[PDB]
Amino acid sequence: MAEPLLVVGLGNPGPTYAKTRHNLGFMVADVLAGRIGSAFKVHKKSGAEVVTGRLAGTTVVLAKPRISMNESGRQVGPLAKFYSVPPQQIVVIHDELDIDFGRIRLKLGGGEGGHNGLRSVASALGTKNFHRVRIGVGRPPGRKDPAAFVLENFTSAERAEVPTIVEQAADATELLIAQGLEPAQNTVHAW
């Protein structure tokens, strides 16, 4: 008697990447786990780090793959089947190049931008119809390649407000779960 939502934070494992742009997904997930009150434990049948509990009024399974961005699909897929979670009930948090730094957008399906983690997930699920909480990071300075840019740390001026942004992403995420996409994205969007 359940059928929970799967909330997935994308990022790369290890201290080496903990603070890079490509790890926004992990940062948000760590905040959500802090709201639920439990630390992550390894889900042995999938190898993913997981937290289960009550979040935003419903049952949630919060996860972080402890395998590299490129192969995240391998753990997210099994995890989804483990709990019989339909794609529409899957929420993936990730950094986004096509949106200005500090902006947060919510989306169901659609393109994947330049995010390799997202591709691996949609590849494993066999569909792109899952929700995303897109946390803007902006576009790289000049001629620097997107893939390289997101593997760097935030500039000192950016680092000042990443903590504010992560908390807003987590709220945006909770708002999505509780209220639904349309209400949530009407509140969180502005242009």
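A residue's number is simply how far along the shown sequence it sits, counting from 1.
Original post:
If you average the CA temperature factors over each stretch, which comes out higher, 25-33 or 134-142?
Top reply: If you average the C-alpha B-factors of 25-33 and of 134-142, the larger mean comes out for 134-142.
Original post:
Once you work out the mean C-alpha B-factor for both 69-77 and 91-99 from the entry, which is higher?
Top reply: Per the PDB record, 69-77.
Original post:
Which of these, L151, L62, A56, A122, has its C-alpha atom at the highest B-factor, as the entry lists it?
Top reply: That would be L151, according to the entry.
Subject >> Third of the chain's Cα B-factor distribution that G113 belongs to, per the entry >> reply: According to the entry, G113 has a C-alpha B-factor in the chain's highest third.
**OP:** Could you look up the Cα B-factor of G47 in the entry and say which third of the chain it sits in: lowest, middle or highest?
**Re:** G47: CA B-factor falls in the lowest third of its chain.
Original post:
Which third, lowest, middle or highest, does the CA B-factor of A184 fall in along this chain?
Top reply: For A184, the deposited C-alpha B-factor lands in the middle third.
**OP:** Within this chain's modelled residues, let me know which third the CA B factor of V7 belongs to: lowest, middle or highest.
**Re:** Lowest third, going by the recorded CA B-factors of the chain.
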